[PDB]
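So that the names make sense, note that chain A is the first sequence line, chain B the second, and so on, each numbered from 1.
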2 protein chains.
Amino acid sequence: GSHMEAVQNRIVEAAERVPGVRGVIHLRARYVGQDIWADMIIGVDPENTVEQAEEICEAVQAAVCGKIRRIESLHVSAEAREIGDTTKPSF
Amino acid sequence: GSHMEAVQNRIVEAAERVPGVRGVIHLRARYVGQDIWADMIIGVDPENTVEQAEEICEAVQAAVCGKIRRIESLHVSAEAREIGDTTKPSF
């Protein structure tokens with residue numbers, strides 16, 4: 001419910017502190033037992049190479065997991081996001 | 001079941017014909033009513049820019065949707081995939 005909205009809000013807040021992150025585009029999260037499994041897609045500069053985005057996602061993984069200990073699993077991949085962009089969703 | 005495996009097999013086969021696609025890494029698919037909604041993540045060259053991967057995903061969207069008319073919705077985003085890579089899943 002709102003506790004899932006709350007943790008997702010914290011996921012988003014934490015991921016948006018990591019350099020290279022241009023907002024969270026998608027996020028799904030559920031409990032399996034006591035733990036949380038999340039799946040996220042972040043926005044990054046289109047002109048970044050895929051390798052660069054990948055490692056931005058790796059940092060987002062480390063920051064978000066360290067910040068929120070309930071998460072057992074967090075998958076992070078990326079999509080293109082220009083600065084003044086409204087062609088993709090955000091939080 | 002295997003009909004969902006069958007359509008996913010066709011999704012994969014079709015998406016792997018599109019240039020820039022280095023295999024399908026993830027795929028989830030379900031019916032909502034009579035139609036199929038799929039979500040996919042493909043592998044692309046790490047050295048490609050994100051904009052380039054994005055448009056590879058756009059082409060994969062057009063090819064897979066045109067090939068399989070049951071799909072009402074297909075979301076495609078990308079991840080890094082080197083040539084001799086075994087650090088990510090495949091089909």
Participant: Would you please go through residues 16-29 of chain B and name the residues with a non-hydrogen atom below 4.5 Å from one of chain A, in numerical order?
Facilitator: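 The stretch touches chain A at B/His26.
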
Participant: Looking only at non-hydrogen atoms, find the nearest pair between B/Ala78 and A/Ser77 and report the distance.
Facilitator: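 Closest approach of B/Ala78 to A/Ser77: O-CB, 4.2 Å.
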
Participant: Would A/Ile68 end up clustered with A/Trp37 when hydrophobic side chains under 4.5 Å apart are linked, directly or stepwise?
Facilitator: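 No, no single cluster joins them.
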
Participant: Using heavy atoms and a sub-4.5 Å threshold, report which of residues 40-60 of chain A line up against chain B, by residue number.
Facilitator: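 So far as heavy atoms go, A/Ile41, A/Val44, A/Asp45, A/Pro46, A/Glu47, A/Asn48, A/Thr49, A/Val50, A/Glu51, A/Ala53, A/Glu54 are the residues that approach chain B to under 4.5 Å.
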
